[PDB]
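The structure's right below; bear with me while I get my questions together.
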């Protein structure tokens, strides 16, 4: 996400103010386009163990209901010009048939009475006896965001969190990891108090250090 | 490749634009020609300082109508006073056509390019400068071999992407696809802005110059009379016009060709005049005597 | 602002190359129209995307 | 009363009001300006009519 | 002075015409605004439901 | 180590790795519609690609759509090598290492690639680039003595943008000295990069020597890129200065030329940044 400033003290980010004056002049000189990179800031909640200093895996409680994790898709479809064309073709031929067809219907019926209806004898007493529809029900989510709520869902540690769903975060007190102070109410580096340094903890080892 | 490789933004000096215009206008209808003298800085900034005309011909613009003698001699005159630079290109007039090089000029531009590869051709219309807006455009060739090598996007790198066009079909095909256009901007100092801005020595002393009062009486009489007739027109308009659908009503009862707007306009106009006329008389009577 | 930017935009709009009155003699099914211009002669000429 | 620390938050209202009426001085900034903008457009109206 | 006085009175009549007409439009836009509220209720609601 | 800020560079790389999910159809669309032959078209795509993959390695598009990449030329191609360092941003151990075939001594295919590796290096090491500064300085001093050549100018340009990002905010007097020599040579296009690069480094110092030097030099130059660049660079160096920079704002607005006014506005913006001053807004 693009931030105007740090939200931790509400004080100007230096990388952001420069970034934007350079970016915005770009009818003038096109290579000043990569300067926007200094504005983009990563948004994630980062736990730090107190005894080893590394990221543990554990789950924080996040109140109903998700403002992200959609990941919607882009596509192109050009094969639907063929589907459209035959749909209308099959529709049209029936209309034309209207005059021949009346004469057929009278002769057609006795054939069905004798043999079978369509794949079994059963249910030839009406022309159609079975109508309806199996679903009419659909409301998806019960609101786009339900604020502070009593409904929990679980979120992982190092997940894509935006500030709107970041507020709903409450670090659990069953597990070891609870902040030394309190939460700050936003995304960012936050150091957590390790209850057990001697019980097994699942950790995520940073990418650069594995490769080294 | 290794440079900006784009056509210069021709910055035409305050002197120069007027001088091409005066020189093109005298010869209308016959085609005019001449040299642009200037200096080349950047890779894409040519400031054209001054101009000189190459004399008339009886077959008008030709490559042939270039004469080395006139060009070089006139050049040695300016040398002695040290106002000479280097030939950055040339101007010529199509007053019978729009902005675009004619079939002859593209071949003249090829010779000129050869000598100096930054050579521009500026086509001046002295006959479409009888407007409030001067019609003037600049072009420079992109070679036939160049189009084959597909080096056309090279010329439009590092620009605002704002180009000029002139009519459609034939004119436009020549413009974009065989030559390249770049906008023209106007360059000036604050010394020259003052020289143009000035006028007479009694233009700054023309509000004491009252008018003859016969003429001011005329102004009084006309405005009052005319407003009686547009007012009459204003009465007819608002007798109806109050059913539904606004445009319809305005088409029906003369609400288009609006008298309401026009009555206000006349009144205001004659109103601002007469405040100053009273002001003028009251100053001159008391001030002088 | 509506007023002053209506004047400035009508200065562009008034500037034409000349836009004529023609009459259609007949069509041709190559997607072109034989138009006799009312003063001038006939020219088979393509059509726009609105017609 | 029935809920105490009703004399800390009473004063937060007051604190907020002194901020907000400065941001309606940002509309009195604008007020002079919309007078100098229409003034400018009346000038350029003259220039477009010319 | 006399034509300036007559012209001053003339503009008063055109401007007072405009005065009334703004006030007639307000009366019509009132009707429209009241029907609008029923329609906005359904618009508020749809946003809560989805 | 915590206060150095090294830890936090690492942390952002694992987060970007774990949830990387890239909509491929958007790129396939972009590529198909906007031809790589046309320069504006190619550059637009490249910027978008550098963004999309920023801060994780990804040369996946480059290999797959190598013919499309190969269409580019001039300054669009200058863009295409500068996209790489948006992509490989972070990863400060490997930061020099992955640009090694593109950096000089290892390159000679087009001068575009040699130049834009230097720009893309500055991007990798932004904010932590203090050792990177020495590297890029050497390059500038050797090639600031001559700039009559084509190769030197494209190469020197990236270097000059590069050391801006690397010495950013550091108030390094060395970076100033080195780029000043570029300005004074009065280079074709590296005069812009030099001037911008200087205010990049020297952010909000408001040194009077710098303000005076840059103000005077805008009159002397006669290349259009430099006149603009120095107007912006003035705004940059007078970040946070407010009332300090007030003499310079008055002068730049009053100049009858367009270019000094164009920076002139952004000197208010950066000087009165985040302030709630009616007067700062009233001027603009």
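Brief remarks on what is shown
In this document, chain identifiers A, B, C, D, E and F correspond to the written order of the chains, with residue numbering beginning at 1 in each.
The rule is simple: contacts are C-beta pairs under 8 Å (C-beta built on N, C-alpha and C of every residue); 3 or more make two chains touch, one makes a residue touch a chain.
Of all chains, the one whose CA centroid is most distant from that of subunit E is F. A simple rule picks the central chain: find each chain's mean C-alpha point, then take the one closest to the mean of all protein C-alpha atoms, which gives F.
One simple way to say how far apart two chains are is to compare their mean CA positions; for subunit A and subunit D this gives 41 Å.
The distance from the centre of subunit B to the centre of subunit C, with each centre set as the mean of the Cα atoms, comes to 27 Å.
Taking the mean of the C-alpha atoms as each chain's centre, subunit A and subunit C sit 51 Å apart. Under the contact definition stated at the top, the residues of subunit A that touch 2 or more other chains are 28-30.
If you check each pair of chains against the touch rule, the ones that pass are A-B, A-E, A-F, B-E, B-F, C-D, D-F.
Residues of subunit D touching subunit F in their complex: 22, 25-26, 29, 33. Residues 139-144 of subunit A touch subunit E in their complex.
Per the touch definition, subunit B reaches subunit E in the complex via residues 220, 223-224, 227, 260, 263-264, 267-268, 270-271, 274-275, 278. Against subunit A, the residues of subunit E that register as touching in their complex are 47-50. Note for the complex: subunit F touches subunit D at residues 276, 278, 281-282.
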